[PDB]
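Here the structure is laid out as structure tokens; the discussion comes afterwards.
Which chain is which? They are A, B, C, D and E, in the order written, and residues in each are numbered from 1.
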Amino acid sequence: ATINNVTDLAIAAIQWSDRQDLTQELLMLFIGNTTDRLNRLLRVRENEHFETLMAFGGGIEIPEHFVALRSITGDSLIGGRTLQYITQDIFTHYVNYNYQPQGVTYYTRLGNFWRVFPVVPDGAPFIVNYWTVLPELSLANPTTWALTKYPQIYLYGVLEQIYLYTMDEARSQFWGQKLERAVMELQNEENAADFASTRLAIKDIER
Amino acid sequence: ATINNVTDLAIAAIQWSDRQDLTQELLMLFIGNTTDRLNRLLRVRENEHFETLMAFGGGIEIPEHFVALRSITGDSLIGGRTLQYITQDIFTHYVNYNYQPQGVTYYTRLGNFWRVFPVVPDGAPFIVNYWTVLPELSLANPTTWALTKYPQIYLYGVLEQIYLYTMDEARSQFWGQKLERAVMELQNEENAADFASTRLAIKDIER
Amino acid sequence: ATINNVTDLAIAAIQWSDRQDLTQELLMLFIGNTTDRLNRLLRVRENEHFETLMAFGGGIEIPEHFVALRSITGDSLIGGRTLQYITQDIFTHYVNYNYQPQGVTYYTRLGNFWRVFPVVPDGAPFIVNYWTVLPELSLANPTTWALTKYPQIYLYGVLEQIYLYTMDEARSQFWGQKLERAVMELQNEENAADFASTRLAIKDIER
Amino acid sequence: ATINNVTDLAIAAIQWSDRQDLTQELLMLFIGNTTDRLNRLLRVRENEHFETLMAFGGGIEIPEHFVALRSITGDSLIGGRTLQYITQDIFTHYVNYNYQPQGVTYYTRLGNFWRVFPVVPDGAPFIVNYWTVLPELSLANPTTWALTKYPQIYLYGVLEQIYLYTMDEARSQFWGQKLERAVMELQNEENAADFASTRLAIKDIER
Amino acid sequence: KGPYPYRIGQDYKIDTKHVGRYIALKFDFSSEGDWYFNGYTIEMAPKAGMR
């Protein structure tokens, strides 16, 4: 509740800032800046996305919305194993020596592609679970889950941008500290959502 | 007792701050902000909730009000065991090697769903005990348990929001500290509700 | 002695604060606020309460005045054993493996109920010793044990609330420090009531 | 979105700084300075590039826009190995003692060329994966990936350049710190794209 | 704000709380008494922001 769509957010920001020289374009710019900053920090449940991607030319193209990878799993037809990361040297050695495992097991990153070692013909499905970017908040998209989950983040970000625009600095630092505290609180809650899962996903293959 | 519903809270806030120029919408926004901040900090007995959820498509959908998970227990018809958390790789290994235990034993988080390993046909009841979000305080919902349990929290939060609105620094920080202290006291009271239970739920699974 | 009922407390607070703009409603609000604050800190002999609670549906409902649990003891007819706390996992294991001890021995907390493991039919009496909240001080209840035991606590709390109301902060901190010192003194006196009992109730189940 | 091309960036910079006396040449110089500074700090996925290079005269010519090398791999027809780095002394020893391995295995840097040890005839293909410099932002090149990925970087850099030009120091260093923070955030996001790859690509030839 | 009574010769001050930007004071004297009025004093708490 509280703030429901973009228009209410703009009205609240104008009321709190007490500036009447801010047009629609400036408010849209501030909202876009806040969203862009948020895109580099938030890795939460609502940000996740898993989908089936095809393989072309022995590789999988990274999605344009991709921001962080969680897992890649082959389809049961081609083995159904969770892939593991290897370097380029290991890939070259495996290719040269004809390792020939049962199914697809390994992958590496080359340019904007993920290359799997047991080279598969085109059209082999994979299940990729990863994190995307925040949805754009604008006139054409007046509502997002981020706004409805914690409006204080957007309010504080817009206020900080506004005080940046009016060539004031102290209040900018004040509102930036408030926004950072809100973001940290949200991330901490997401991290502590499940106690059991916290212990895992930290230590992996040490040798 | 003390403050009763939202109207008395607004009246008390106006009386304490003396700002008679504040409209009802601003007070509603302040109360919503306080509730949203509280939603990220409080995990108490009144916030807990346990209920029976069905399993569809080999998974359980996370409730929309979910904020933190405590326990998942299968029904007696499907084993009656308390589920345990496993990673994606362990899940894939179990699926590939056909572990086949007696009943449902393991679960993992995929997207917005909880997937149980010993895949069960649709319609399998589970008992989920978790934490929800605080009820929204507004005109449609004049009273909540939080308001009747500790009105000082809401009073101090509204005062801090008001002093943020009027662009005052010292008083805003003072009231923010007061609100934080009240929240800490409320959480500490519940954390020490049962001395015996304090030792447990800390040292679990070390290996 | 000193302050005997609520009216004398209000008169003394008005005299000490030297204000004359405080109405009855504001004084009642201040008294309620300080009582609510005290409810989260005091665990003394006068706050204790032990009573017989029945069991329904294999569980005992937590009293509405409950603030902290001391002990639960079964009736001699049902076994007369002091119950012990176990986690949910141990409860599930005991249920599944049919432990079958002699009498009621274990209990756990689920939502707002205490569930005992050796499930007993409805009507089994238990003796629960716990702590309650302080009695409400108001016009309908002009006297409480807390006021007659240490009036300085209520006087200092009301003075601090009064100075908070008039938008003065330094004197508010002064009176808050005084009130905290008084509360600490009372709690320390309660703790040091019996030297022999101090050593116990500290070290339990180490393993 | 946000800022689309160079003209909108210049308009936004003028609006934020309020300096309407700045000619287009000065803005072009500021943008060029910002991108030149960026070229020395960013190593991200969009900056990567892999391509096939011919070997002529026993060496490979470094590309003109090369900024950092990742890997060199021989073609499968010439051996299909991943090359390794050796010093000049090892190269001289191998040449003098007539090592004659199976295929191209080693490389070294001499002037502006990469010399491979098992000297191959002209026309040997290699696959080089490296990093380039960011595309120039100007009237002839209105849009770049950097502008569409994170406009705050360019906005803050231009503002810092403007305040350097106007011979102001406090705001200049403030905006410089802001730009540095934005660059660090982008680099950190790229570094944590995949957890597994972080550990590797570090330990090569230790003995 | 509501009228505050003041008894001449006994009361030392009147207590109130009034946040505002520009202050205004009004004194209303009834009859059946003789009074001399030669100034006053305003006691204010720290400021309450700029809005």
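Observations on the model:
Everything below uses one rule, namely that a contact is a pair of C-beta atoms (placed from the backbone, for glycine too) under 8 Å apart; a residue touches a chain by one contact, two chains touch by 3 or more.
Within the contact network of the assembly, the step distance from chain D to chain E comes to 3. Of all the chains, the one whose CA centre sits at the greatest distance from that of chain E is D. Computed from the mean C-alpha positions, the centre of chain C lies at a distance of 66 Å from the centre of chain D. Centres computed as Cα averages put chain A at a distance of 24 Å from chain B. One finds 50 Å separating the Cα centroids of chain B and chain E. For the pair chain C and chain E, the distance between mean C-alpha positions equals 46 Å.
Residue positions 17, 19, 48, 51 of chain E each touch two or more of the other chains. Residue positions 18, 165, 167, 169-171 of chain B each touch two or more of the other chains. Every pair of chains meeting the contact definition is listed here: A-B, A-D, B-C, B-E, C-E.
Per the touch definition, chain A reaches chain D in the complex via residues 29, 32-33, 36-37, 40-41, 62, 67-69, 84-85, 87-89, 92, 95-96, 109-112, 136, 138, 165, 167, 169, 204.
Per the touch definition, chain B reaches chain E in the complex via residues 17-19, 163, 165-171.
Within the complex formed with chain B, the chain A residues making contact are 1-3, 12, 15-16, 18, 45, 48-50, 71, 73, 80-82, 129, 150-152, 174, 185-186, 188-189, 192-197, 199-201.
Every residue of chain C that touches chain E in the complex is listed here, in rising order: 18-21, 166-168. Taken in their complex, chain E has these residues touching chain C: 14-17, 19, 45, 48.
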